[PDB]
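In what follows, a single structure is set out as structure tokens and then discussed.
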Amino acid sequence: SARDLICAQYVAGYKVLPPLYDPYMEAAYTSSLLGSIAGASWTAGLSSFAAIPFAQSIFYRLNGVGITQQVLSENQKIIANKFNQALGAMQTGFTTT
Amino acid sequence: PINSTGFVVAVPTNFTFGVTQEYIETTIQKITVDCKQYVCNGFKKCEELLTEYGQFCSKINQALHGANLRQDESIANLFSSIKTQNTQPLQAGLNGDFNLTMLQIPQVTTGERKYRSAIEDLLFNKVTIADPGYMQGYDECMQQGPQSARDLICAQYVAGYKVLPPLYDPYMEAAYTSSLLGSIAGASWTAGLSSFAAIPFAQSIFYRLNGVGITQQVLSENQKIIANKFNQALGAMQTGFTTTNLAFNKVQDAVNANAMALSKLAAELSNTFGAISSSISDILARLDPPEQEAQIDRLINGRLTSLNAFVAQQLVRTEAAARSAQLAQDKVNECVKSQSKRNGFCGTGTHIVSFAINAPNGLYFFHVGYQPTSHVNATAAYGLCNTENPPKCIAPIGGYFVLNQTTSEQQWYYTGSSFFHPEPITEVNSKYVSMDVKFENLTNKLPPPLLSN
Amino acid sequence: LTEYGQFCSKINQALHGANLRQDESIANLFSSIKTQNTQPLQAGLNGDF
Amino acid sequence: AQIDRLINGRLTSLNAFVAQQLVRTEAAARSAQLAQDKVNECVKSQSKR
Amino acid sequence: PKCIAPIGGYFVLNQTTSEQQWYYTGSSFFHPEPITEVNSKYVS
Amino acid sequence: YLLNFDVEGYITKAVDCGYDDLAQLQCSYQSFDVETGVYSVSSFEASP
Amino acid sequence: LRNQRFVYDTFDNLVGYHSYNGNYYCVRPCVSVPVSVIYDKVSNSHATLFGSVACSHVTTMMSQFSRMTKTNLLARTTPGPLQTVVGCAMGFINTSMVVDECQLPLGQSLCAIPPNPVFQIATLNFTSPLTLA
Ligand SMILES: *[C@@H]1O[C@H](CO)[C@@H](O[C@@H]2O[C@H](CO)[C@@H](O[C@@H]3O[C@H](CO[C@H]4O[C@H](CO[C@H]5O[C@H](CO)[C@@H](O)[C@H](O)[C@@H]5O)[C@@H](O)[C@H](O[C@H]5O[C@H](CO)[C@@H](O)[C@H](O)[C@@H]5O[C@H]5O[C@H](CO)[C@@H](O)[C@H](O)[C@@H]5O)[C@@H]4O)[C@@H](O)[C@H](O[C@H]4O[C@H](CO)[C@@H](O)[C@H](O)[C@@H]4O[C@@H]4O[C@H](CO)[C@@H](O)[C@H](O)[C@H]4NC(C)=O)[C@@H]3O)[C@H](O)[C@H]2NC(C)=O)[C@H](O)[C@H]1NC(C)=O
Ligand SMILES: *[C@@H]1O[C@H](CO)[C@@H](O[C@@H]2O[C@H](CO)[C@@H](O)[C@H](O)[C@H]2NC(C)=O)[C@H](O)[C@H]1NC(C)=O
Ligand SMILES: *[C@@H]1O[C@H](CO)[C@@H](O[C@@H]2O[C@H](CO)[C@@H](O)[C@H](O)[C@H]2NC(C)=O)[C@H](O)[C@H]1NC(C)=O
Ligand SMILES: *[C@@H]1O[C@H](CO)[C@@H](O[C@@H]2O[C@H](CO)[C@@H](O)[C@H](O)[C@H]2NC(C)=O)[C@H](O)[C@H]1NC(C)=O
Ligand SMILES: *[C@@H]1O[C@H](CO)[C@@H](O[C@@H]2O[C@H](CO)[C@@H](O)[C@H](O)[C@H]2NC(C)=O)[C@H](O)[C@H]1NC(C)=O
Ligand SMILES: *[C@@H]1O[C@H](CO)[C@@H](O[C@@H]2O[C@H](CO)[C@@H](O)[C@H](O)[C@H]2NC(C)=O)[C@H](O)[C@H]1NC(C)=O
Ligand SMILES: *[C@@H]1O[C@H](CO)[C@@H](O[C@@H]2O[C@H](CO)[C@@H](O)[C@H](O)[C@H]2NC(C)=O)[C@H](O)[C@H]1NC(C)=O
Ligand SMILES: *[C@@H]1O[C@H](CO)[C@@H](O)[C@H](O)[C@H]1NC(C)=O
Ligand SMILES: *[C@@H]1O[C@H](CO)[C@@H](O)[C@H](O)[C@H]1NC(C)=O
Ligand SMILES: *[C@@H]1O[C@H](CO)[C@@H](O)[C@H](O)[C@H]1NC(C)=O
């Protein structure tokens, strides 16, 4: 019953075409996105690439929204722990709700 | 990432101008159908039988009329910008050192004014479109005889449908495109839209280049090279109308779709739909009234199904054309009349300037972007400060603090983000910031901003 | 079936065009891989994150 | 007559399938463009919106 | 007169509820700190 | 003919479809009241 | 084309015939000429446009049209047919007026001006606000 839809291809006379790219290409795309998040923030162009670490990029992003450098220096570990808690909480967020 | 202090950044050393082509549709072909003639072909017996399916023809006419009215409103809204767009006259051929000859409409001393530019003439000659006999099509279809390439147009007076002319003649479209070309130049450092500055095209281009990370010294040194590269980029797209160009292919796809709708509408009248014949006259001649009704009803049902399908798809294409027209307005306002800070919206790379020309059933865009070709690995610093009881740390503005090399006593310079050219650090290209742990401590060599004079 | 016109050919052409458009659309999205500069990330921990 | 009734029913089914398939293709193309915009704005940079 | 305005923040008093002392704080976190030329600019 | 019935069930006005073009427009769209615009109309006049 | 008395288009419509007399005749359905009506609600006036038809042919082909159209065509009235770029029109007078807004468009940058409570053919031309050199 769960497979009759697929096996109806060779009786009804229709074909399901495979996708253009295999999942390995999609994995390469997602890995490409993850490796381009870090970068400069005070530049006014898109022609230069800076190899800034992820932590420094996150702290630069936080400083640009209204958080001073002194607060970031004092609350570095707390910010890191809160980010880790936020990322880990979404592993069990795949529910019907 | 490097293991020392600071960070490594790739700064371009050579560049070229890349052109991205995009086609956006704005309108579709407006079609009106004579439902009574299409279904019954003037036979009273058919018309008597058609009443049993309700007021079909009136609903068809109202739906088509509403669709055409909406398309007219949509195209009228797009062209209204001409009335309230400030423009300045451009020079003929050369504006400084940039060559804009192909984008302009050639002036004629005597005769009729032209409504197509050189690039538009090249684009239109590569697309085959039938002439839909706006003025004398009815007579021409009789004087010329049956032709395969023209049967779709001449089927108007046999099948019973009409192709409406567009709202504006091509001269209005030429005026619109010329209006767009004359509004590109303007100010860049203002924070409003209520003032118009008559800045020449060359100065506007150089101001746009200076805002993306290119210093004034580099622009002054490489003025002729930049102009030559821009001219080469503009001239290379004259021969870019080939089958390999996807954007050019979509124009032919739109034309083919317009042809296909009328081909589907015309071909359905030759089907019998299971009846003894596709002609009402043959049915009346070969059969008697007790048996004629069934065959006539089969033909009626087939033709009603055809008309409903045509109306549904026509409404779909009208709505898609309206949304695409809104997209075109947004593209014009963002890419053509100003410089875009977004990524991927006005072509690839760092956007500089865009041009728009007339295209069949839409507009054609040429996005010019700054495309680097070579890079250098440069050592950079987050900030610099001296060693005092109160520290004063500085940060670069629109650039990087880099060492003058391609691979305690280090000398720091400033460079633009879009071109590698070290220059001394002054208060022009630096600002004071708070103390940071990752900033370099300059023991001996201090720029003037860091000197406690 | 011939009395209803060239039904099957039109069906095949429409489906083929739709599949071709979808292939072009998905190809355009994935083209960014060729010209996206990237840097290697660390395994597990990048600083404290 | 009976064969014609079956033919008409199956032609109607095929036309409905083709129409809905084209609808979903167009919606998927627009959604793909939205995904590209979301990636460029939210993933590879920080959004002020 | 020479009037100044905050940059990316507010000029606030150091309290949760002629001799008032003004400080600077970030817009996204409350942490008063002395006003300098780094976090201020001259205005009309 | 195009007939209009009032609230009491009587015919108050009528249109001869084949008389002129305005009547043809009214019978083509089946409405006595038509908004301002340009419309394509059918033929309702029969000849020997 | 060949030794055939009947000419058919791609869609199997009979379009041409060779007769015994020796003439060749074009074959069209009894309703072939497109007809469009321009109506103004305020003044309750209307006009007729024959799209893509030369004025001279409209005079010969009258059987398709309504009774009043037939009478007006036969009467050879002063406001009679006028050839435009979108076909032959009846009930219009040619004017050199230029307008920037239209409520009764006719295509190809043509506009119809309703009479104050015949129609006038106007043209849509837009003007830039100002030019700064
Ligand atoms: C306010 O805004 C107003 C509206 O925008 C504006 O008025 C307009 O002014 C312009 C410019 O002055 C006028 O354009 C001209 O129109 C002429 C007539 O066009 C019609 O007829 C032709 C057929 O000719 C027959 O009929 C005419 C009378 O109508 C008669 O004079 C002639 O002898 C013939 O009997 C027909 O072809 C036209 O339709 C086609 O073109 C349209 C676009 O122009 C299309 O929209 C339409 O679909 C048709 O398209 C098809 O055909 C063309 C041509 O083959 C193909 O390109 C296309 O793909 C498609 O197949 C229309 O029904 C027209 O004759 C005239 O032509 C000259 O100028 C143009 C542009 O420079 C050249 O391309 C032509 O070759 C020709 O150039 C030279 O002209 C001189 C002087 O006339 C001649 O001596 C030369 O011989 C000739 N050279 C050659 C090689 O032929 C031009 O298009 C327009 O009609 C006006 N519109 C109105 C009044 O409504 C007004 O000025 C504005 N006001 C202000 C103040 O700004
Ligand atoms: C940027 O690249 C271009 C293209 O390669 C370089 O142009 C070359 O210039 C040299 C002289 O310096 C000529 O001999 C070559 O023929 C040119 N190459 C061409 C036209 O392809 C240009 O010099 C480079 N700019 C730099 C390195 O600053
Ligand atoms: C600007 O570009 C135009 C073409 O867009 C050049 O005009 C061409 O010049 C050549 C060489 O004389 C001629 O053979 C062509 O016929 C011209 N094409 C035209 C007029 O469309 C023009 O020379 C360029 N300007 C400069 C200053 O180089
Ligand atoms: C940065 O270093 C470059 C070389 O790496 C310097 O360019 C040289 O400058 C000297 C002195 O004027 C010239 O003799 C050389 O010909 C230059 N070389 C090249 C390849 O152009 C440059 O001046 C330095 N920039 C500074 C110190 O600001
Ligand atoms: C410049 O000197 C300062 C001294 O104030 C250095 O700041 C120290 O940085 C280390 C980590 O590198 C911290 O653990 C210390 O607490 C900091 N000291 C103080 C007094 O705040 C700074 O690192 C130096 N910059 C460099 C080496 O690039
Ligand atoms: C702003 O006021 C707060 C209290 O409202 C000050 O924080 C106190 O500072 C004193 C003096 O260093 C410490 O003894 C207290 O423990 C601090 N209290 C808390 C709750 O942290 C703060 O220093 C003031 N900020 C200024 C003057 O810039
Ligand atoms: C009649 O209408 C035309 C437009 O179709 C008006 O324009 C003239 O058109 C003729 C024929 O094409 C040209 O030779 C003239 O040069 C046009 N004149 C102008 C000023 O554009 C024409 O003026 C109208 N006649 C009237 C109102 O009497
Ligand atoms: C029948 O349905 C049940 C319940 O969904 C499922 O577990 C079972 O595998 C199905 N049987 C077959 C033969 O598909
Ligand atoms: C027939 O088709 C050919 C090839 O496309 C074309 O060249 C020719 O003009 C056509 N003939 C007619 C009469 O349309
Ligand atoms: C400004 O100059 C333009 C011509 O460039 C002229 O038409 C306009 O009247 C002038 N405006 C004023 C306010 O003097």
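In the structure tokens, chains take the letters A, B, ... in the order shown, each chain's residues start at 1, and ligands count up from 1 in the order shown.
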
Could you write out as a ChimeraX atom specification the residues of chain F within 9 Å of chain G, counting only C-alpha atoms?
/F:17-22,24-25,33-47

List as JSON, numbers by chain the protein and nucleic acid residues near residue E:37, meaning an atom at most 12 Å away when only C-alpha atoms are counted, but skip any in the same chain fewer than 6 places from it.
{"B": [392, 431, 432, 433, 434], "E": [4, 5, 6, 7, 24]}

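Backbone DSSP assigns strand (DSSP E) in chain E to residues 3, 4, 5, 6, 9, 10, 11, 12, 13, 22, 23, 24, 25, 26, 29, 30, 31, 32, 33, 40, 41, 42 and 43 of chain E.
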
Please dump the current selection as a compact mmCIF listing (two decimals), in the first residue's frame; keep N, CA and C atoms.
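In the end it all went to out-v1.txt:
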# COMPACT_ATOMS: atom_id res chain seq x y z
N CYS E 3 26.87 72.18 20.85
CA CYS E 3 26.01 71.10 21.31
C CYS E 3 26.44 69.77 20.71
N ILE E 4 26.30 68.71 21.50
CA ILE E 4 26.71 67.38 21.10
C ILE E 4 25.50 66.45 21.15
N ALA E 5 25.58 65.38 20.37
CA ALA E 5 24.55 64.35 20.30
C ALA E 5 25.20 62.98 20.37
N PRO E 6 24.50 61.99 20.93
CA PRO E 6 25.08 60.65 21.02
C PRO E 6 25.15 59.97 19.66
N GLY E 9 23.55 55.56 20.50
CA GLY E 9 23.20 55.33 21.88
C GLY E 9 22.35 56.45 22.44
N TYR E 10 22.39 56.58 23.76
CA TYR E 10 21.61 57.59 24.46
C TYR E 10 22.48 58.26 25.52
N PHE E 11 22.12 59.51 25.85
CA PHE E 11 22.68 60.21 27.00
C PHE E 11 21.72 60.03 28.17
N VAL E 12 22.11 59.21 29.15
CA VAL E 12 21.21 58.82 30.22
C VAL E 12 21.86 59.10 31.57
N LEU E 13 21.02 59.21 32.59
CA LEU E 13 21.46 59.30 33.97
C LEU E 13 21.65 57.90 34.54
N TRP E 22 25.60 63.14 33.50
CA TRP E 22 25.14 62.43 32.31
C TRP E 22 26.20 61.44 31.84
N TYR E 23 25.75 60.29 31.36
CA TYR E 23 26.62 59.24 30.86
C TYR E 23 26.15 58.81 29.47
N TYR E 24 26.87 57.85 28.90
CA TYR E 24 26.52 57.25 27.62
C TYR E 24 26.28 55.76 27.81
N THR E 25 25.32 55.22 27.05
CA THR E 25 25.03 53.80 27.08
C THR E 25 24.68 53.33 25.67
N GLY E 26 24.91 52.04 25.43
CA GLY E 26 24.50 51.45 24.17
C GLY E 26 22.99 51.32 24.06
N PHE E 29 21.93 47.63 25.26
CA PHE E 29 22.29 47.16 26.59
C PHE E 29 22.57 48.36 27.48
N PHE E 30 22.04 48.34 28.70
CA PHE E 30 22.19 49.45 29.63
C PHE E 30 23.48 49.27 30.42
N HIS E 31 24.46 50.14 30.15
CA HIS E 31 25.73 50.15 30.86
C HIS E 31 26.34 51.54 30.76
N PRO E 32 26.06 52.42 31.72
CA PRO E 32 26.57 53.79 31.63
C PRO E 32 28.09 53.83 31.62
N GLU E 33 28.63 54.73 30.80
CA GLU E 33 30.07 54.94 30.69
C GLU E 33 30.31 56.41 30.35
N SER E 40 30.27 60.59 20.73
CA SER E 40 29.51 61.82 20.60
C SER E 40 29.99 62.58 19.37
N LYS E 41 29.12 63.44 18.86
CA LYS E 41 29.43 64.28 17.71
C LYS E 41 28.79 65.65 17.91
N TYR E 42 29.41 66.67 17.31
CA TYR E 42 28.89 68.02 17.42
C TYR E 42 27.71 68.22 16.47
N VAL E 43 26.68 68.90 16.97
CA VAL E 43 25.47 69.18 16.21
C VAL E 43 25.11 70.65 16.41

Give me the residues within 12 Å of residue B:257 as number ranges by chain, counting only C-alpha atoms and dropping any in the same chain fewer than 5 places off.
B: 28-29, 129, 250-252, 262-264, 313-314, 317, 361; C: 14, 17

Which protein, DNA or RNA residues have an atom within 12 Å of ligand 9, counting only C-alpha atoms and all ligand atoms, as a ChimeraX atom specification?
/B:144-152 /G:1,9-10

Restricting it to N, CA, C and O atoms, dump the selection as a CSV table (one decimal), in the first residue's frame.
chain,number,residue,atom,x,y,z
B,144,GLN,N,-2.6,39.0,-50.1
B,144,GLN,CA,-1.4,38.3,-50.1
B,144,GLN,C,-1.6,36.8,-50.3
B,144,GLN,O,-0.7,36.1,-50.8
B,145,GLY,N,-2.8,36.2,-49.9
B,145,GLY,CA,-3.1,34.8,-50.0
B,145,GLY,C,-2.6,34.0,-48.8
B,145,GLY,O,-2.1,34.6,-47.9
B,146,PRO,N,-2.9,32.7,-48.9
B,146,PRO,CA,-2.5,31.9,-47.7
B,146,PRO,C,-1.0,31.7,-47.6
B,146,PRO,O,-0.4,31.3,-48.5
B,147,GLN,N,-0.5,32.1,-46.4
B,147,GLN,CA,0.9,31.9,-46.0
B,147,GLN,C,1.0,31.2,-44.7
B,147,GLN,O,0.3,31.6,-43.7
B,148,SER,N,1.9,30.2,-44.6
B,148,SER,CA,2.0,29.5,-43.3
B,148,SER,C,2.4,30.4,-42.2
B,148,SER,O,1.9,30.2,-41.1
B,149,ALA,N,3.4,31.3,-42.4
B,149,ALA,CA,3.9,32.2,-41.3
B,149,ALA,C,2.9,33.2,-41.0
B,149,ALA,O,3.0,33.9,-39.9
B,150,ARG,N,1.9,33.5,-41.8
B,150,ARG,CA,0.9,34.5,-41.6
B,150,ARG,C,-0.5,34.0,-41.3
B,150,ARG,O,-1.5,34.8,-41.2
B,151,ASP,N,-0.7,32.7,-41.3
B,151,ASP,CA,-2.0,32.1,-41.1
B,151,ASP,C,-2.6,32.4,-39.7
B,151,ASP,O,-3.8,32.5,-39.5
B,152,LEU,N,-1.7,32.5,-38.7
B,152,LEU,CA,-2.2,32.9,-37.4
B,152,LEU,C,-2.8,34.2,-37.3
B,152,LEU,O,-3.8,34.4,-36.6
G,1,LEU,N,-2.1,26.7,-56.7
G,1,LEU,CA,-1.1,25.7,-56.3
G,1,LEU,C,-1.1,24.5,-57.3
G,1,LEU,O,-0.1,24.1,-57.8
G,9,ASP,N,-6.7,27.0,-45.8
G,9,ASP,CA,-5.6,27.5,-44.9
G,9,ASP,C,-5.1,26.3,-44.1
G,9,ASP,O,-5.6,25.2,-44.1
G,10,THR,N,-4.0,26.6,-43.3
G,10,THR,CA,-3.4,25.5,-42.4
G,10,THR,C,-4.4,24.9,-41.5
G,10,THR,O,-4.3,23.7,-41.2

Pull the closest atom pair for each residue of chain B that gets at most 7 Å from chain C, along with the distance in Å to one decimal, counting only C-alpha atoms, ordering rows by chain and then ascending residue number, as JSON lines.
{"residue": "B:271", "atom": "CA", "partner": "C:4", "partner_atom": "CA", "distance": 5.6}
{"residue": "B:272", "atom": "CA", "partner": "C:3", "partner_atom": "CA", "distance": 5.6}
{"residue": "B:273", "atom": "CA", "partner": "C:4", "partner_atom": "CA", "distance": 5.5}
{"residue": "B:274", "atom": "CA", "partner": "C:3", "partner_atom": "CA", "distance": 6.2}
